[PDB]
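To begin, one chain is listed below as structure tokens, in the form deposited in one PDB entry.
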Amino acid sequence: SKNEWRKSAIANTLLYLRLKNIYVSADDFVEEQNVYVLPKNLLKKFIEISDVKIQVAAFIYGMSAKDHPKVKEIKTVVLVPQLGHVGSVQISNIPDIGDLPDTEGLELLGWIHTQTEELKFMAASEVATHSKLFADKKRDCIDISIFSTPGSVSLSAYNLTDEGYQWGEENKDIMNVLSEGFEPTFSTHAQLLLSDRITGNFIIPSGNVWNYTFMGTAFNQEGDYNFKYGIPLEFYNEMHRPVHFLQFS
């Protein structure tokens, strides 16, 4: 619907106001665990480009800080082609950004995403998505979950347990008419800090578009996509609107 598209784009124009009230998860320090540090500028943009209803996700990359090897500063957010849902998101593969400058020395740290339900653990869909991405690759990757609701955003970071990965691998394609054997205790608290004392940037798809929610037939979940440094488009940018052509070859 043209009218619904117009209304939904307007609804997102107020998302910047949620950055006026930011809540970050905190717990007793554990010296054996890493501390993950998110630049405020990345959070601001990430929220600005998100949706009030449909989940939006991206990969986080970074490296150790100067003061301490166990402080991981997030340098770059990689927005990859995805197809979002209420309560879940289909994310394309861990991206190849090796051909880009200043990517040497960057570690894959995990993923970041928005959600519209307040929880104290990774949801069933979160667990499945996380396992699909990281189970055979890098199990120490974190999940930064952002509860986005009128007036505010709340940030919590999680690790997935081996039990969590085990169960996630048994649920390969998502449809939450499911969740048999799901346990809220599959995830543990990871240590997160928000900081305006550091700044970060974005890597985006070579063709700019990342939101395939309304272009499902063109989405290639197992696609080999190309990437570049850039400014990410907002969810209801007109470039994300489906268009049709009649072909004569």
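For clarity, a rigid core is taken as the largest C-alpha set superposing within 1.5 Å between two forms. From 1 onward, residues are counted along the sequence shown.
The form deposited with a partner chain bound is left out here; the points below concern that form.
The closest heavy atom approach of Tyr16 to its partner chain in the deposited bound form falls within 4.5 Å. Its partner chain is not drawn, but in the deposited bound form it has a heavy atom within 4.5 Å of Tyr229. Heavy atoms of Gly200 reach within 4.5 Å of its partner chain in the deposited bound form, making it an interface residue. When its partner chain is considered in the deposited bound form, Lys53 lies well away from it, no heavy atom lying within 4.5 Å. Across the proposed site, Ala9, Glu234 and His244 without exception bring a heavy atom within 4.5 Å of its partner chain in the deposited bound form. Superposition on the rigid core between the shown form and the other one places the CA atom of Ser152 less than 2 Å from its counterpart. A movement of the C-alpha atom of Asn176 reaching 2 angstroms or beyond is seen between the shown form and the other one when the two forms are aligned on their rigid core.
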